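Shown below, as structure tokens, is a lone chain in the form deposited without the named molecule; questions about how it binds or moves come after it.
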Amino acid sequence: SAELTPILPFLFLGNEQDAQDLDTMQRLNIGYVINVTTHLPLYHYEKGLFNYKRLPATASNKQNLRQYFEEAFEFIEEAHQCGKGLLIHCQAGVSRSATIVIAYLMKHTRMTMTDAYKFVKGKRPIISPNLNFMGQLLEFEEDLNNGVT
């Protein structure tokens, strides 16, 4: 499988395998984990090593991910501000988690939707948000450009 993707020094995009790799997470100074599924475990929860957030998305073709953007960005920033990294993952790191990272880049590094997509896809070529999530990212871009987020 594809290896964990560093996006920024404090933001890593991964799959379910990556969230179980405790030696790597400790090596990369990860202190925060976002699990973008309703059904996966929060791996290593009982060791009390990380701070976790679940964004309980399903597999539905109508899944709304925008509703989670604010919450997910706040958690990323918490990690960011205390000098810890954050791992965000779903099952494959292809679609749900990747959408959230692109949106973060759009809001917090001012990247257009196209440039943020290409930034992530350049780092992690297997990503492929579905057309539903792409539609939401376009709407998010719109709302960012009018300041109405």
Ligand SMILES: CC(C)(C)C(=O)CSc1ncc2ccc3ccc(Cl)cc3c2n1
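In this text, residue numbers run from 1 along the sequence as written.
Below, we turn to the form solved in complex with the named molecule, even though it does not appear here.
- Site accessibility, blocked: after C-alpha superposition of the site, the named molecule as positioned in the bound PDB entry shows three or more atoms within 2.4 Å of the backbone or C-beta atoms of the displayed chain.
- Contact between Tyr117 and the named molecule in the bound PDB entry is found at the 4.5 Å heavy atom cutoff.
- Of the heavy atoms in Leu22, none are within 4.5 Å of the named molecule in the bound PDB entry.
- Contact annotation for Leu105: none of its heavy atoms lies within 4.5 Å of the named molecule in the bound PDB entry.
- When the named molecule is considered in the bound PDB entry, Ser128 lines it closely, a heavy atom lying within 4.5 Å.
- Taken together, the three residues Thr99, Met113 and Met134 all lie with some non-hydrogen atom within 4.5 angstroms of the named molecule in the bound PDB entry.
- Looking at 91-99, 42-50, 66-74, 28-36, the stretch with residues near the named molecule in the bound PDB entry, meaning non-hydrogen atoms within 4.5 angstroms, turns out to be 91-99.
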